[PDB]
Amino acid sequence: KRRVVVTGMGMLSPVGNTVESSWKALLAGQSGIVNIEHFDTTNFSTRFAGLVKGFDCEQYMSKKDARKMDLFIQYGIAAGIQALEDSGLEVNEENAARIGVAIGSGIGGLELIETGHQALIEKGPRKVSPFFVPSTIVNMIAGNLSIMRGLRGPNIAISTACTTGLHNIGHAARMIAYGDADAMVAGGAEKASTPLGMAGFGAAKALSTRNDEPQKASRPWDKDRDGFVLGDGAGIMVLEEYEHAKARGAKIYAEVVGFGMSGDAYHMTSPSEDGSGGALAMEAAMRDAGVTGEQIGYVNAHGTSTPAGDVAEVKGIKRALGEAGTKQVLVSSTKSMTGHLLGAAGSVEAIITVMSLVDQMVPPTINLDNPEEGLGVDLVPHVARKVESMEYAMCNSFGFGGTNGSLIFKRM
C-alpha cells in the first residue's frame, strides 16, 4: 500500500501571499475582506470580497505570457511555483513522467470571458483574442504549470465548484497511491471577484450584503449570518509517495490518510436538511483512514456563513464522529476570515488543516458573536486554540450541486 505525504505547500489568499503569512494572520483572527476597488460596485448588492493584495504578474512571467492567462491561472501558477519551490522537488529527464498535476478552478476565467464577449458584441468575431479559449478554461492552470515546469505525469483538473481544491488533492493522492505518479502538484485557484461573478452570485442571493461592515459579514453559525463572502486565491500542495519522500530525506508536513466523497442529491444550492450527505463523505474518509471519531482532533469546516448550510454541516459532523468524537473535537471555519474562495477553498483549507497538525494550533471562527442554539460542538469562537497530541485533522468542502468531499491528514 503506497503511502502519500505532503512535501510542499503554496498559497495566495486574502490574508497573505504565502502559507506562513496566511497562517499567522489566521491564528491572529485577521480578516482579509475589503471593499472592491477595481470596478464600480454601486448597482451591486454586495460591494466587498476577500481580495489577494499586491499580486504582480510580471514577477512570475512576461506580460506577453500573462496576456494569454486570466488571473485565476496566474494565481494558480504562483501558488504552484511556491509549493514546488517549498518542496525542493527537482524535475529532470529521468523523473518528469512520474510528476504530474491535478489543479482546477470552479468558474475559471470570468474576466477574460467578459472581455471576449464585449469584443464580440462591439467589434465582431475577428476582434476576439486568439487566446480566448486557453486563457479562460479551467484546466489551463494544470496545463500551463505542466508546460512551465516540465511535468509529464498525469495532467488533470477537477472542477467541482466549492469542492474543487479538495477533490484535486484527494485524487492526486489516489493517483500516487495507484502508481500513476510518484509526485503530484494539486489544488485549486479562483478569481471570480469580477462584475459578472459578483452579479451572478448576487442574483442567486447567495452573498452577504453587509456592505457597511465587510469584515463582520462572514460569520459562520452566527444567528445574523446572511450568505457567504466571495474571495479569490490559490492553494496548492505537492504530494509525494512516502518512500520516495523518506528515501530523499524530505521534510514532510503530514500524511494524506483518508479521502471520502459523496453527493447530497437534494438540491441545486441547499444542502440536505439532515446533513447526511456531508456525513457520508466524512464517514468514507474515516473508513479510508481507518480512524474513529475520537481520533479526529480538528475539523476545518466548510462553514460558508449561509443560513441553511452551516447548521446542516454540524449535524453531519456529529453523525460522522459519533458521541465520543463529538465531545472532544474542535470545529472551525476560516471562511470567517478569508471568505469563500470557491475553487481554491478546499485546497487553501487543506493547507490550514495540515498547519494545525504541524503547529498543534487551531484557528478560530471569528464573528461568532451569537451562535445558533443546539449546535453541541466547540466552534472555536473568536480566538485560536492550542491543542496537544492531535494526530489527525479533517477538512470538508461541500459544493453546489451537493458535491461533498473530506480529507483526513495525519501528523508527521
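One-based numbering along the sequence shown.
- For the two regions 316-324 and 100-108, the entry's Cα B-factors average higher over 316-324.
- Taking the PDB entry as given, 370-378 carries the higher mean Cα B factor of the two stretches 370-378 and 27-35.
- When the Cα B-factors of 164, 336, 193, 87 are read from the PDB record, 87 comes out highest.
- In this entry, the residue among 92, 136, 304, 300 with the greatest C-alpha B factor is 92.
- Remark: residue 41 belongs to the middle third of its chain, ranked by C-alpha B-factor as recorded.
- Ranked by Cα temperature factor within the chain, residue 80 sits in the middle third according to the deposited record.
- Residue 241: CA B factor in the highest third of modelled residues in this chain (values from the PDB entry).
- When the modelled residues of the chain are ordered by C-alpha B-factor, residue 201 sits in the middle third.
- Residue 171: CA B factor in the lowest third of modelled residues in this chain (values from the PDB entry).
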